[PDB]
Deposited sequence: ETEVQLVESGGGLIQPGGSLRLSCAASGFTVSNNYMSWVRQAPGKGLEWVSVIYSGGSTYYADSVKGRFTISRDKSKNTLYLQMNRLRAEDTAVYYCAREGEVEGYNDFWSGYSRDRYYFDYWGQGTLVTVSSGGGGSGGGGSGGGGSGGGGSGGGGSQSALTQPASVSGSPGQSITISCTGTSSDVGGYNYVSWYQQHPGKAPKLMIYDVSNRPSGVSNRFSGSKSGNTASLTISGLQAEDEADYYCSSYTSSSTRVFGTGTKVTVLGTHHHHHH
């Protein structure tokens, strides 16, 4: 039973410091690549840092020199030390886990640490500091029972350099949920109404038989050649008549 429980959020003055915690259970934090992903109020997901099994850390330019990701293996806990804080750091902070070395247990794919999709997410914790991105359409709409498609353009260096595009569904007040990984693969338990494809530098998510519960924000994400991750700008899906 995998679980990620975050704590440490609060309101702090500009220039202050704060440490967030992400307590894991059901797996060992060192056995999976662990990331922090943040979301400013009303904005999209932004990946900011990751820690690899061997301890290597990589960061987004937006937090370099200020944020530090680390872990305590004895406490099975992931941390984000947030120093030199800016008002622009105000956001809900999620910890997220990437895939198992074996991938999914119902399909043989060998062993590998190239499992670039966020399969489990924390619930998020808000930090308020108070005194790039893949291209997605802002909004897409369709009638109930019909199909829509969401595009996601990147570069030779991410979407079009690897088959490591994943898609996430996010309802208001909830953490993102993995819907598609490795361009076209569906996790067990995700409806067959969701499918994914890619051509050149553009990936696409198709939702068929639209239902009211499909109303949500959808984000693509890609591995990058800098060993980072990059989210798309997000698409608000509206089901007409809801």
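*Asks:* Which parts of the deposited sequence have no C-alpha atoms in the model?
*Replies:* According to the deposited record, C-alpha coordinates are absent for 1-2, 134-159, 271-276, which together make up the missing parts.
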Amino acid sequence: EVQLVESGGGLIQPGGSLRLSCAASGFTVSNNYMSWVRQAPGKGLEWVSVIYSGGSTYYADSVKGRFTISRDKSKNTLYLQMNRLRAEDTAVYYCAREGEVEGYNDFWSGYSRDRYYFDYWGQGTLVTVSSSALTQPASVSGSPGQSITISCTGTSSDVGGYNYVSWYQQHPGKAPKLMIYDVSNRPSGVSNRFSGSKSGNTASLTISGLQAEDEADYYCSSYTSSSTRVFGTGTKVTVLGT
From here on, numbers count along this sequence of modelled residues.
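*Asks:* If you average the CA temperature factors over each stretch, which comes out higher, 182-190 or 52-60?
*Replies:* Mean C-alpha B-factor is greater for 182-190.
*Asks:* Would you tell me which stretch averages the higher CA B-factor in the PDB entry, 225-233 or 10-18?
*Replies:* Taking the mean C-alpha B-factor of 225-233 and of 10-18, the larger value falls to 10-18.
*Asks:* Per the entry, which of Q169, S130, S166, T125 tops the list for Cα B factor?
*Replies:* Out of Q169, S130, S166, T125, the record gives the largest C-alpha B-factor to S130.
*Asks:* For the C-alpha B-factor as written in the entry, point me to the maximum among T206, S30, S35, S70.
*Replies:* Comparing C-alpha B-factors across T206, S30, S35, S70, the top value belongs to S30.
*Asks:* Relative to the other modelled residues in the chain, which third contains the C-alpha temperature factor of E215: lowest, middle or highest?
*Replies:* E215: CA B-factor falls in the middle third of its chain.
*Asks:* Is the Cα B-factor recorded for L134 in the lowest, middle or highest third of its chain?
*Replies:* CA B-factor rank for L134: highest third.
*Asks:* Quick check for you: using the entry's CA B-factors within this chain, is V159 in the lowest, middle or highest third?
*Replies:* Middle third, going by the recorded CA B-factors of the chain.
*Asks:* Using the B-factors in the PDB entry, rank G99's C-alpha atom against the chain and give the third, lowest, middle or highest.
*Replies:* Lowest third.
*Asks:* Consider only the C-alpha atoms of the modelled residues in this chain, order them by B-factor as the entry records it, and name the third containing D89: lowest, middle or highest.
*Replies:* CA B-factor rank for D89: middle third.
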